[PDB]
Structures are given as structure tokens and as C-alpha cells.
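This is how it looks when you write it as C-alpha cells:
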């Protein structure tokens with residue numbers, strides 16, 4: 499408990515995100531709108547802007 | 944017999960196919976899709992990428 503700031507114990511957690519082509523399981527809090535099929539529209543199908 | 948015409952036809956076709964396939968290359972970047980770079984990284988890093 500009595501040490502310098504450069505030697506004090508830490509607690510690190512590393513988060514790894516897989517961007518491979520696969521059915522997405524972890525997503526964002528954003529909602530989902532309806533779907534149209536006859537006009538130029540910007541799609542956000544979990545991997546594509 | 945008609946080799947001299949098929950030659951230039953195949954040359955132009957291969958040039959077009961190679962110019963299309965060059966889009967898949969990353970040139971050292973993180974991904975070939977620019978929309979993914981815009982959607983993942985911040986603009987200060989997206990511009991450099």
C-alpha cells in the first residue's frame with residue numbers, strides 16, 4: 499500500500515470485437531425502422547452504411 | 944484465325960477486371976470498404992485511413 503504511483507497495482511480489462519462476416523449477436527441500443535423496397539434508401543443492416 | 948482481335952478484346956477485358964479487383968485491395972488500411980472506416984473510426988483517424 500505504500501509505493502510510488504508507477505508501481506501501484508492496476509486492474510485492466512481488454513474487450514475484443516470480432517468484425518468477421520457472421521450473424522451479429524451483440525448490437526447497439528439503436529432502434530429499427532420499417533422497410534421499403536422501391537426507392538434509394540440508406541440501409542444499416544448491422545454491417546453496411 | 945481471328946487471334947489479333949480476340950487479343951485486344953481480352954486485353955481490354957483483363958484491364959477492366961484488374962481495375963475492378965484493385966478496389967478490394969486495402970493499401971495498408973484497415974479495410975477496403977470506406978463506409979466501414981467512416982462508421983468505425985473517428986473523422987480525425989478516418990481521414991488518415
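Protein chains in written order, with UniProt numbering: chain A, 499 to 547; chain B, 944 to 992.
All C-beta atoms, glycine included, are put in the ideal place defined by N, C-alpha and C.
Residue-level contact to chain A via CB, residue i, 8 Å cutoff
i	result
residue 975 of chain B	no
residue 981 of chain B	yes
Residue i in three-state terms, based on DSSP
i	result
residue 499 of chain A	coil
residue 947 of chain B	helix
residue 532 of chain A	coil
From the options, residue whose alpha carbon lies closest to that of residue i
i	options	result
residue 527 of chain A	A/544, A/520, A/521	A/544
residue 930 of chain B	B/984, B/961, B/964	Outside the shown range of chain B, which is 944 to 992, sits residue 930 of chain B, and nothing can be said about it.
residue 515 of chain A	A/525, A/533, A/546, A/504	A/525
Min CB distance residue i to chain B below 8 Å
i	result
residue 513 of chain A	no
residue 547 of chain A	yes
Cα-Cα separation between residue i and residue j, rounded to whole angstroms
i	j	result
residue 991 of chain B	residue 510 of chain A	29 Å
residue 499 of chain A	residue 508 of chain A	12 Å
residue 517 of chain A	residue 945 of chain B	49 Å
residue 513 of chain A	residue 536 of chain A	40 Å
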